[PDB]
Each structure stands twice: as C-alpha cells, then as structure tokens.
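Engineer: Mind looking over this structure? Questions follow.
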Amino acid sequence: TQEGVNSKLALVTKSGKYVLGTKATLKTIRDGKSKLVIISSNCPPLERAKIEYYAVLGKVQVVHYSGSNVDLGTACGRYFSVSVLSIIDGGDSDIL
RNA sequence: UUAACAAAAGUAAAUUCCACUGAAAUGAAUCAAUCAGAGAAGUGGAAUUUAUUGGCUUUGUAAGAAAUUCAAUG
C-alpha cells in the first residue's frame with residue numbers, strides 16, 4: 001500500500017518540518033518536538049529496537065515504512081538514504 | 001664520531017575513534033582513488049604505528065672513550 005505515505009511525505013517537505021537521521025531523530029524524542037517516527041524496512045533490528053523503546057516512553061507513534069532506507073530518502077526528495085525520520089509538524093498532510 | 005638501556009625541553013607524518021553541529025546551491029579529498037543522515041567538511045580532543053623507553057632533534061650513558069693534530073706522558 002505504498003502509494004499513500006509516499007505522497008503524504010511530499011506536503012511535509014513543502015510546508016512541514018521534519019528531521020532526517022537516527023541520531024537527530026533520537027534528539028527530538030528526548031525533547032517534545034517529535035510527533036511521529038517513520039522507520040524504514042531495513043533499519044538494523046538493534047537500532048530499530050532502541051527507537052521504538054524511546055517512542056514507547058515518549059508516547060510517539062512509530063510508522064513502519066514499507067520501503068528500504070534508500071526508498072525512504074527518495075520519498076523525502078533527497079539524494080542520500082534516510083533510515084529514521086521524525087516529523088516536528090505536519091504542514092498540510094494528515095500523517096499526524 | 002658515538003652504543004645497549006633509559007629520560008621527556010622542543011616537535012612531525014599517517015590511520016582509526018570521541019564530543020559539538022547537521023551537508024543539497026551537494027560537498028570533501030588522492031598520484032590513483034575513495035567517503036558521507038546506521039552521518040560528510042569545520043572546531044576541539046583521544047589512541048596506535050614510525051629499526052629501545054616515545055618517531056626526529058636533544059638529554060643521562062659521555063668524553064674520561066674514539067678520530068685528527070702538536071710537544072716531550074701532556
């Protein structure tokens with residue numbers, strides 16, 4: 001069903017604010033800026049387990065992206081790969 | 001001109017890690033390459049290697065030695 005969230009993460013790039021990177025995602029979960037976490041399908045199972053446990057503590061929803069980190073980076077209009085992603089605010093979409 | 005073994009005034013090259021921050025107008029770099037959101041470059045650090053301690057100069061050793069001269073041992 002990857003004709004949805006892919007288009008959802010296109011208005012966020014235009015109006016909303018997200019942050020790319022596992023280290024930078026963990027920074028936002030520690031604060032209150034995180035409102036949603038998207039994890040690719042190939043994130044290492046040990047670093048993935050640390051994001052979810054952090055999100056469970058922070059009560060932030062985790063969206064298991066159906067593509068790899070290469071596909072997730074392209075979904076944000078980026079020429080590198082993104083493993084984890086945090087949404088500070090949804091611009092015009094309905095992701096949150 | 002200077003040894004083994006040790007010292008630590010001064011000071012190198014290369015690689016790998018750590019902290020801050022988060023790269024797109026993509027940058028960084030080599031003779032060649034090669035690398036980066038499971039995170040580049042920047043700044044500040046840590047470690048190891050470099051014919052023994054710690055690589056080079058320097059120092060103790062150690063000038064009393066040795067080399068080159070002079071005089072009839074100095």
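Engineer: Ordered by residue, what ³J(HN,Hα) values in Hz, to whole numbers, does region A:27-36 give under the Karplus form 6.51 cos²θ - 1.76 cosθ + 1.60, where θ = phi - 60° and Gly and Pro are x?
Structural biologist: Using θ = phi - 60°, the values come out as 5, 6, 5, 4, 8, x, 6, 6, 10, 6 Hz.
Engineer: Now a separate question. Residues of region A:3-25 with amide nitrogen under 16 Å from the 7 Å Cα-to-Cβ point of residue A:41?
Structural biologist: The answer is A:3-7.
Engineer: Moving on. For chain A, what does -39500 (n - 2.57) per DSSP helix run (n ≥ 4), summed and divided by total residues, give at 222 nm, in deg cm²/dmol to the nearest 500?
Structural biologist: -12000 deg cm²/dmol
Engineer: Under 13 Å from the Cβ of residue A:33, count the other residues' Cβ atoms, weight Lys and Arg +1, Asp and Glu -1, and hand me the total.
Structural biologist: Combined, the nearby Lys, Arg, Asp and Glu give +2.
Engineer: Bin by bin, in steps of 10 Å, what percent of the Cα pairs in chain A do you find, going until the bin that has the longest distance?
Structural biologist: Here the calculated profile for chain A is 18, 56, 26, 1.
Engineer: List the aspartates and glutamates whose Cα sits under 19 Å from the Cα of residue A:27, skipping any in the same chain fewer than 8 residues away.
Structural biologist: List returned: A:47, A:52, A:89.
Engineer: With the contact rule set at Cα under 8 Å and sequence spacing of 6 or more, what percent relative contact order holds for region A:26-66?
Structural biologist: Averaging sequence separation for qualifying contacts and normalising by length gives 56 percent for region A:26-66.
Engineer: Let me ask something else. May I ask you to compute the full-extension gain from residue A:49 to residue A:11, defined as 0.36 nm times their residue separation minus their alpha-carbon distance, rounded to one decimal in nm?
Structural biologist: 10.8 nm
Engineer: Also, I was wondering about something else. What is the set of long-range amide H partners of residue A:84 at a cut-off below 5 Å, with H atoms built 1.01 Å from backbone N?
Structural biologist: Long-range HN contacts for residue A:84: A:21, A:22.
A short reminder: the numbers here are calculations on the coordinates, not readings from a lab. Note: ideal-geometry Cβ built from the backbone for every residue, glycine included; neighbour counts use all protein chains shown.
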